[PDB]
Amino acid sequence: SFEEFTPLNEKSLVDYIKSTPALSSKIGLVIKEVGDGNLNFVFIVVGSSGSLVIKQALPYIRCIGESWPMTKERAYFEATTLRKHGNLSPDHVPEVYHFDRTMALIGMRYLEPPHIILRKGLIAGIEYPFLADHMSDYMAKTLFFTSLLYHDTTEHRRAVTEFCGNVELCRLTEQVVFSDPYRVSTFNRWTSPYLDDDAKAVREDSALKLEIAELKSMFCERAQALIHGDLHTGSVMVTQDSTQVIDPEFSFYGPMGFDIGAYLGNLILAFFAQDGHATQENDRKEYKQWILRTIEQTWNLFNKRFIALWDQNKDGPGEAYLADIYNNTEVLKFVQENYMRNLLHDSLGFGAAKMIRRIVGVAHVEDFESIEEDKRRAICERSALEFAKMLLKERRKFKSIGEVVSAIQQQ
């Protein structure tokens, strides 16, 4: 099925693959649709000589249906960023085998069992000993090398031009992250009646509304790096020794803190969900401490690794901090410490915004939704929401991730 866009299912996919040498060659069929995400269709294909994943975008948001159109052109941006981020961090992104723009279809490496979505592992109370290492490396490489710390402004502008094409998905985010939680919307939902007052407070908080508008402006305006754009714990697949970032379909030239914040923010949601998963056998007290350690280490390793790349590449081609200006170790370290403190504050801000929108908005997270009892869920959700409102408003007071972790504990 090739010449015009065709929505595929488990059996027409057979014919498409057979007609596509790049894909048929990779597996030489058992087909199962397994997409549990919000937007797209994903198929595991096996395979005489191998296996693969087929992802296809339809012209609307899958979790809503046809009343919410969304260009299938997002698949092009997903494939572009899987390749670009993959080039930079090949150990942490699934290889792309094939892209068909007409079909809005991507063929890519199947992340084989025992790979699971990280969010699920966090719900299950499983520790991932390489997670802080792998994720800090991924974020450092992808954000540093697509920033003006490495790009000259000619290539940066060329890349911005390209990614302005992903405006429809940017528009989805502008609505669901930066707008809906702060107003009345038929799309919003929360554990009710428990969080009714909580949701009203969010849409009546002036200081909160100021901060979200500033972050929304930065999202819409600031071409800082090629961000993944949806870097929550549902966008990471893991085993005890493998960490793979998937689903960069929301990618564009945006603020770095949006990725770091999405990821750290979702770890913070995991932390606040834990009490709702506690049992007689596992009270989650030690696991909660592990999550806090992973948050602290992810940021601290990221900071160290990002600066290491900057130091390694201080003598071009990036033009943001020209070496004959920032020309001794003292002034360079001074400007770096400033840059990283601002990046921490941006990250906490976007992280807090993502936490808020998960609790009162259209798209919730499994960490809380898998807590069956509404009352128990609401207690955990309220703790997370109170923390997130404080963080959004007060983040510039924090000098370190250690201070953020202390604040989480005092909540």
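Start at 1 with the first residue shown and count on from there.
Peer 1: Can you say how many deposited residues have no coordinates in the span between residue 59 and residue 60, choosing none, 1 to 3, 4 to 9, or 10 or more?
Peer 2: Missing residues, residue 59 to residue 60: none.
Peer 1: Once you work out the mean C-alpha B-factor for both 128 to 136 and 147 to 155 from the entry, which is higher?
Peer 2: Higher mean C-alpha B-factor in the PDB entry: 128 to 136.
Peer 1: If you average the CA temperature factors as listed in the entry, which stretch comes out higher, 273 to 281 or 164 to 172?
Peer 2: Result of the comparison: 273 to 281.
Peer 1: From 72, 85, 288, 119, which pick has the Cα B-factor that tops the rest in the entry?
Peer 2: Among 72, 85, 288, 119, the PDB entry lists the largest C-alpha B-factor for 72.
Peer 1: Taking the values straight from the PDB record, which of 346, 367, 381, 36 has the highest C-alpha temperature factor?
Peer 2: So the option with the highest C-alpha B-factor is 36.
Peer 1: Of the three thirds of its chain by CA temperature factor, lowest, middle or highest, which one includes residue 55?
Peer 2: Within its chain, residue 55 is a highest-third residue by C-alpha B-factor, going by the deposited values.
Peer 1: Could you tell me which third, lowest, middle or highest, the C-alpha B-factor of residue 263 occupies within its chain?
Peer 2: Bottom third by C-alpha B-factor.
Peer 1: Against its chain's modelled residues, does residue 79's Cα B factor rank lowest, middle or highest third?
Peer 2: For residue 79, whose C-alpha B-factor we compare with every modelled residue in the chain, the answer is the middle third.
Peer 1: Just say lowest, middle or highest third for the CA B-factor of residue 192 relative to the other modelled residues in its chain.
Peer 2: It falls in the middle third of the chain.
Peer 1: Comparing against every modelled residue in the chain, figure out the third that the C-alpha B-factor of residue 231 lands in (lowest, middle or highest).
Peer 2: Its C-alpha B-factor, which the entry lists for residue 231, ranks in the lowest third among residues of this chain.
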